[PDB]
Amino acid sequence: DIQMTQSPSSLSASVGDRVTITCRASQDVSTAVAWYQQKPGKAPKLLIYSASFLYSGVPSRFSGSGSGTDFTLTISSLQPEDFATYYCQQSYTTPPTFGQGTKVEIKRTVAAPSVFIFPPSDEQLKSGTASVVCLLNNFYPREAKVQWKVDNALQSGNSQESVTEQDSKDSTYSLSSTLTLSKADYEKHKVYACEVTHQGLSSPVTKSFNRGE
């Protein structure tokens, strides 16, 4: 099999930046190389084939070059909607093989998250379980520290996070942290606090509630 190796496996660049992704084949595959763009939750889309031929309807900022073993994808001027994973593939022989992909993130100015906390609903409480949710909305960069405190005791092991994909419009992220306790542990305590550390914040922000108010 022909191994296709992309580099870097991820990158971050600013809007208007020129971005270069390389793809190397373990064998000479002439100019039989294609590039695809995959947005999260969607099928890949063909950008380029025959190494340098721009597929109909694909923006001119995308271009491909290379021959033999060394191939390059260039985005001449990165746009917010270009957030995606990009794949090279050899179309030279069987089996068709893909590079491992290069994740492209858009770098923008720092934006502090807006933070929100949600107590468990009475409905869920009935069922015997308590989910507490902390929301960090529309922030950049992605790195954030979110800590749960229950009557001022830092928690560990009992929460899980999820992060949206970068916004195609404003290049921000949002993030949810869910704390799960049994209903009986939930009723053992009063103050439920979500504390958020982020570059856009001069000091960590806390959002809290007191159980039953």
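Position 1 is the first residue in the sequence shown; the rest follow in order.
Taking the PDB entry as given, 187 to 195 carries the higher mean Cα B factor of the two stretches 21 to 29 and 187 to 195. Between 122 to 130 and 74 to 82, it is 122 to 130 that carries the larger average Cα temperature factor according to the deposited entry. Highest C-alpha temperature factor among 160, 156, 52, 37, as the PDB entry reports it: 156. Per the PDB record, residue ranking by Cα B-factor puts residue 181 in the highest third of the chain.
Ranked against the other modelled residues of its chain, the C-alpha B-factor of residue 12 as given in the entry falls in the middle third. Ranked against the other modelled residues of its chain, the C-alpha B-factor of residue 91 as given in the entry falls in the lowest third. Annotation for residue 5: CA B-factor lies in the lowest third of the chain's modelled residues. Sorting the modelled residues of the chain by their CA temperature factor places residue 41 in the highest third.
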